[PDB]
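Colleague: So that we are looking at the same thing, I have put the structure below in structure tokens.
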Amino acid sequence: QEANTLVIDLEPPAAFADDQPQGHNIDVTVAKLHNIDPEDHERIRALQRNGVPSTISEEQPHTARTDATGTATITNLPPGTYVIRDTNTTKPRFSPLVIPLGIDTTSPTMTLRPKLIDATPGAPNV
């Protein structure tokens, strides 16, 4: 039973001198997405900037918190794609992002550091 760990970093990583690990002032919404292979990078990046609409089939939602450094840590995520948006509209740090996970029966760990460019409001938009 391999543990499933998902790490999302939108800024240069450095969990040492820097306080990157610290930062729970931002709330994030997690919404599983219909199982999609990670190979379709165009598909992911397309939704990384555009975001995932509610029209897409999503599993039970999960909650978590992220730091102001664009970093976040979430576990217990079975294979498939994930939806992450900044709930804290007070100080939004990131826009809706999509991260795929090795589609399979087994649940592997995935560590990624997505690099997105400001795509106008969205999460805090509504």
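Convention: chains lettered A, B, ... in structure tokens order; per-chain residue numbering from 1; ligands numbered from 1 as shown.
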Set out as JSON lines a contact list for stretch 70-92 of chain A and stretch 14-23 of chain A with a cut-off of 9 Å, giving each residue of stretch 70-92 of chain A that qualifies its closest atom pair and distance in Å to one decimal, counting only C-alpha atoms, ordered by chain and rising residue number.
Modeller:
{"residue": "A:70", "atom": "CA", "partner": "A:20", "partner_atom": "CA", "distance": 8.6}
{"residue": "A:71", "atom": "CA", "partner": "A:20", "partner_atom": "CA", "distance": 7.0}
{"residue": "A:72", "atom": "CA", "partner": "A:21", "partner_atom": "CA", "distance": 8.3}
{"residue": "A:73", "atom": "CA", "partner": "A:21", "partner_atom": "CA", "distance": 8.9}
Colleague: Next, dump the selected residues to file, keeping only C-alpha atoms, as a PDB file, in the first residue's frame.
Modeller:
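And here's selection25.pdb as it stands now:
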ATOM      1  CA  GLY A  70       2.743  28.830  -3.922  1.00  0.00           C
ATOM      2  CA  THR A  71       3.437  25.576  -2.092  1.00  0.00           C
ATOM      3  CA  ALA A  72       0.924  23.026  -0.820  1.00  0.00           C
ATOM      4  CA  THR A  73       0.861  19.522   0.663  1.00  0.00           C
TER       5      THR A  73
END
Colleague: Out of A:107, A:29, A:87, A:95, which residue has the shortest atom-to-atom distance to residue A:121 when counting only C-alpha atoms?
Modeller: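 Distance minimum relative to residue A:121 lands on A:95.
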Colleague: Taking the DSSP secondary structure from the backbone, can you list the residues of chain A that are alpha helix (DSSP H), as a PyMOL selection string?
Modeller: chain A and resi 41-50
Colleague: Residues of the last selection are to be written out with C-alpha atoms, as a PDB file, in the first residue's frame.
Modeller:
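Now in selection.pdb:
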ATOM      1  CA  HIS A  41       0.209  17.570 -20.805  1.00  0.00           C
ATOM      2  CA  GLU A  42      -1.627  19.901 -23.163  1.00  0.00           C
ATOM      3  CA  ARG A  43      -4.844  18.804 -21.490  1.00  0.00           C
ATOM      4  CA  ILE A  44      -3.426  19.483 -18.026  1.00  0.00           C
ATOM      5  CA  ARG A  45      -1.795  22.819 -18.750  1.00  0.00           C
ATOM      6  CA  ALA A  46      -4.977  23.796 -20.556  1.00  0.00           C
ATOM      7  CA  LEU A  47      -6.907  23.394 -17.311  1.00  0.00           C
ATOM      8  CA  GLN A  48      -4.004  24.619 -15.160  1.00  0.00           C
ATOM      9  CA  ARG A  49      -4.584  28.104 -16.538  1.00  0.00           C
ATOM     10  CA  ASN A  50      -8.259  27.830 -17.526  1.00  0.00           C
TER      11      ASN A  50
END
Colleague: If you measure from atom CA of residue A:110 to atom CA of residue A:37, what distance in Å do you get, rounded to one decimal?
Modeller: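 If I compute the distance from atom CA of residue A:110 to atom CA of residue A:37, I get 13.2 Å.
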Colleague: Calculated over only C-alpha atoms, which of the candidates A:68, A:116, A:97, A:6 has the smallest distance to residue A:26?
Modeller: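 Result for the nearest residue to residue A:26: A:68.
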Colleague: From the list A:105, A:90, A:120, A:66, which residue is nearest residue A:8 when using only C-alpha atoms?
Modeller: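 Distance minimum relative to residue A:8 lands on A:66.
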Colleague: Got a sec: who's within 7 Å of residue A:28, counting only C-alpha atoms, leaving out chain neighbours fewer than 6 positions off, as a PyMOL selection string?
Modeller: chain A and resi 63-66+84-87
Colleague: With distances taken over only C-alpha atoms, which residue among A:33, A:98, A:56, A:3 lies nearest residue A:75?
Modeller: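 Selected residue with least distance to residue A:75: A:3.
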Colleague: Excluding same-chain residues fewer than 6 positions from residue A:57, what lies within 10 Å of it counting only C-alpha atoms, as a list in words?
Modeller: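 Everything that qualifies: residues 31, 32, 33, 34 and 35 of chain A.
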Colleague: Store the residues picked out above in a file with N, CA and C atoms, as a PDB file, in the first residue's frame.
Modeller:
ATOM      1  N   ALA A  31     -10.799  18.991  -5.587  1.00  0.00           N
ATOM      2  CA  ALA A  31     -11.887  18.293  -6.248  1.00  0.00           C
ATOM      3  C   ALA A  31     -11.321  17.314  -7.265  1.00  0.00           C
ATOM      4  N   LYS A  32     -11.414  16.032  -6.951  1.00  0.00           N
ATOM      5  CA  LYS A  32     -10.907  15.006  -7.847  1.00  0.00           C
ATOM      6  C   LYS A  32     -11.546  15.142  -9.219  1.00  0.00           C
ATOM      7  N   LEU A  33     -10.811  14.720 -10.232  1.00  0.00           N
ATOM      8  CA  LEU A  33     -11.278  14.812 -11.602  1.00  0.00           C
ATOM      9  C   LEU A  33     -11.343  13.437 -12.248  1.00  0.00           C
ATOM     10  N   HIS A  34     -12.204  13.299 -13.254  1.00  0.00           N
ATOM     11  CA  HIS A  34     -12.337  12.030 -13.956  1.00  0.00           C
ATOM     12  C   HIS A  34     -10.950  11.527 -14.349  1.00  0.00           C
ATOM     13  N   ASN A  35     -10.683  10.261 -14.054  1.00  0.00           N
ATOM     14  CA  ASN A  35      -9.378   9.671 -14.335  1.00  0.00           C
ATOM     15  C   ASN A  35      -8.875  10.011 -15.738  1.00  0.00           C
TER      16      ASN A  35
END
Colleague: Could you work out how far atom CA of residue A:122 lies from atom CA of residue A:96, giving the answer in Å with one decimal?
Modeller: 7.4 Å
Colleague: Write out as an MDAnalysis selection string each polymer residue whose atoms come within 7 Å of residue A:80, counting only C-alpha atoms; drop sequence neighbours fewer than 2 positions from it.
Modeller: chainID A and resid 33:36 78 82 100:103
Colleague: Between A:27, A:39, A:11, A:58, which is the closest to residue A:83 once you count only C-alpha atoms?
Modeller: A:58
Colleague: From a DSSP pass on the backbone, collect the residues of chain A flagged as strand (DSSP E or B) and hand them back as number ranges by chain.
Modeller: A: 5-9, 26-33, 62-66, 71-75, 80-86, 97-101, 110-112
Colleague: Print the selection's residues with N, CA, C and O atoms to a file, as a compact mmCIF listing (two decimals), in the first residue's frame.
Modeller:
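And here's part.txt as it stands now:
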# COMPACT_ATOMS: atom_id res chain seq x y z
N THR A 5 1.26 10.85 -1.96
CA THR A 5 1.58 12.21 -1.55
C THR A 5 1.63 13.14 -2.76
O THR A 5 2.27 12.83 -3.76
N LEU A 6 0.93 14.27 -2.66
CA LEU A 6 0.90 15.23 -3.76
C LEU A 6 1.48 16.57 -3.30
O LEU A 6 1.00 17.16 -2.33
N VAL A 7 2.51 17.04 -4.00
CA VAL A 7 3.14 18.31 -3.65
C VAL A 7 3.06 19.28 -4.81
O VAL A 7 3.51 18.98 -5.92
N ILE A 8 2.50 20.46 -4.56
CA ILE A 8 2.38 21.47 -5.61
C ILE A 8 3.17 22.72 -5.26
O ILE A 8 2.82 23.42 -4.32
N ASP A 9 4.23 23.00 -6.02
CA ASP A 9 5.04 24.19 -5.76
C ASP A 9 5.05 25.10 -6.99
O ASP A 9 5.50 24.70 -8.06
N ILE A 26 -3.76 30.25 3.85
CA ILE A 26 -4.60 30.13 2.66
C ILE A 26 -5.35 28.80 2.63
O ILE A 26 -4.76 27.74 2.85
N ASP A 27 -6.64 28.87 2.33
CA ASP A 27 -7.45 27.67 2.23
C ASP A 27 -7.54 27.25 0.77
O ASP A 27 -7.61 28.09 -0.12
N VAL A 28 -7.51 25.95 0.53
CA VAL A 28 -7.57 25.44 -0.84
C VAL A 28 -8.65 24.37 -0.98
O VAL A 28 -8.86 23.57 -0.07
N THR A 29 -9.31 24.38 -2.12
CA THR A 29 -10.36 23.41 -2.39
C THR A 29 -9.85 22.32 -3.32
O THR A 29 -9.27 22.61 -4.37
N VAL A 30 -10.06 21.08 -2.91
CA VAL A 30 -9.61 19.94 -3.70
C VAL A 30 -10.81 19.20 -4.28
O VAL A 30 -11.73 18.83 -3.55
N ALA A 31 -10.80 18.99 -5.59
CA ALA A 31 -11.89 18.29 -6.25
C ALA A 31 -11.32 17.31 -7.27
O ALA A 31 -10.81 17.72 -8.31
N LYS A 32 -11.41 16.03 -6.95
CA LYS A 32 -10.91 15.01 -7.85
C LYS A 32 -11.55 15.14 -9.22
O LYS A 32 -12.66 15.64 -9.35
N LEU A 33 -10.81 14.72 -10.23
CA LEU A 33 -11.28 14.81 -11.60
C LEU A 33 -11.34 13.44 -12.25
O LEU A 33 -10.62 12.52 -11.85
N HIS A 62 -12.18 17.50 -1.12
CA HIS A 62 -11.33 17.48 0.06
C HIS A 62 -10.86 18.90 0.37
O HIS A 62 -10.91 19.78 -0.50
N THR A 63 -10.43 19.14 1.60
CA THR A 63 -9.98 20.47 1.99
C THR A 63 -8.54 20.44 2.49
O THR A 63 -8.08 19.44 3.04
N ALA A 64 -7.84 21.55 2.28
CA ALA A 64 -6.45 21.66 2.71
C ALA A 64 -6.04 23.12 2.75
O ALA A 64 -6.83 23.99 2.38
N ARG A 65 -4.82 23.40 3.20
CA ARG A 65 -4.35 24.78 3.26
C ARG A 65 -2.98 24.89 2.59
O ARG A 65 -2.21 23.93 2.58
N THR A 66 -2.70 26.06 2.02
CA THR A 66 -1.43 26.27 1.34
C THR A 66 -0.72 27.52 1.86
O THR A 66 -1.33 28.35 2.55
N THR A 71 3.22 26.97 -2.42
CA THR A 71 3.44 25.58 -2.09
C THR A 71 2.24 25.00 -1.35
O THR A 71 1.51 25.72 -0.67
N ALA A 72 2.04 23.69 -1.48
CA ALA A 72 0.92 23.03 -0.82
C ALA A 72 1.20 21.53 -0.65
O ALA A 72 1.87 20.92 -1.49
N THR A 73 0.67 20.95 0.42
CA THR A 73 0.86 19.52 0.66
C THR A 73 -0.48 18.83 0.90
O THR A 73 -1.22 19.20 1.81
N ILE A 74 -0.78 17.82 0.09
CA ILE A 74 -2.03 17.08 0.23
C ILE A 74 -1.80 15.58 0.08
O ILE A 74 -1.00 15.16 -0.76
N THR A 75 -2.49 14.79 0.89
CA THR A 75 -2.34 13.34 0.83
C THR A 75 -3.70 12.66 0.64
O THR A 75 -4.73 13.33 0.51
N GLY A 80 -5.63 9.74 -10.62
CA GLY A 80 -6.55 10.56 -11.39
C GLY A 80 -6.05 12.00 -11.43
O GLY A 80 -4.92 12.28 -11.03
N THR A 81 -6.89 12.91 -11.89
CA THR A 81 -6.51 14.31 -11.95
C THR A 81 -7.11 15.06 -10.77
O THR A 81 -8.10 14.61 -10.20
N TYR A 82 -6.51 16.18 -10.38
CA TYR A 82 -7.02 16.92 -9.24
C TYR A 82 -7.26 18.38 -9.58
O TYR A 82 -6.60 18.94 -10.46
N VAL A 83 -8.19 19.00 -8.86
CA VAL A 83 -8.50 20.41 -9.05
C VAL A 83 -8.15 21.18 -7.78
O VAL A 83 -8.60 20.82 -6.70
N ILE A 84 -7.33 22.22 -7.92
CA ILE A 84 -6.92 23.00 -6.76
C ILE A 84 -7.13 24.49 -6.99
O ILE A 84 -6.55 25.05 -7.90
N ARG A 85 -7.93 25.12 -6.14
CA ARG A 85 -8.18 26.55 -6.28
C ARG A 85 -8.00 27.25 -4.93
O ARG A 85 -8.16 26.64 -3.88
N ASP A 86 -7.64 28.54 -4.98
CA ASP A 86 -7.42 29.30 -3.76
C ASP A 86 -8.73 29.78 -3.15
O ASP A 86 -9.37 30.71 -3.66
N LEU A 97 -5.71 25.01 -10.55
CA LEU A 97 -4.66 24.21 -11.19
C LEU A 97 -5.07 22.75 -11.32
O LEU A 97 -5.85 22.23 -10.52
N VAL A 98 -4.52 22.08 -12.33
CA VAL A 98 -4.81 20.67 -12.56
C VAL A 98 -3.53 19.84 -12.53
O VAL A 98 -2.57 20.12 -13.25
N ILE A 99 -3.54 18.80 -11.70
CA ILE A 99 -2.38 17.91 -11.58
C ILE A 99 -2.80 16.44 -11.78
O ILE A 99 -3.62 15.93 -11.02
N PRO A 100 -2.25 15.74 -12.76
CA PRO A 100 -2.60 14.31 -13.00
C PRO A 100 -1.77 13.36 -12.13
O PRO A 100 -0.66 13.69 -11.70
N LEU A 101 -2.30 12.16 -11.89
CA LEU A 101 -1.59 11.16 -11.09
C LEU A 101 -1.68 9.80 -11.77
O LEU A 101 -2.78 9.34 -12.07
N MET A 110 3.20 11.59 -6.20
CA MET A 110 3.56 12.50 -7.27
C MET A 110 4.02 13.83 -6.71
O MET A 110 3.33 14.46 -5.90
N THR A 111 5.17 14.27 -7.17
CA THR A 111 5.73 15.54 -6.74
C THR A 111 5.95 16.42 -7.95
O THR A 111 6.71 16.08 -8.85
N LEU A 112 5.26 17.56 -7.99
CA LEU A 112 5.39 18.46 -9.12
C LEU A 112 5.45 19.92 -8.67
O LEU A 112 4.96 20.28 -7.60
Colleague: When you count only C-alpha atoms, which of these residues is closest to residue A:61: A:117, A:126, A:91, A:76?
Modeller: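 Looking at the shortest contact to residue A:61, the residue is A:76.
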Colleague: Just to confirm, what's the straight-line distance from atom CA of residue A:77 to atom CA of residue A:109 in Å (one decimal)?
Modeller: 8.9 Å
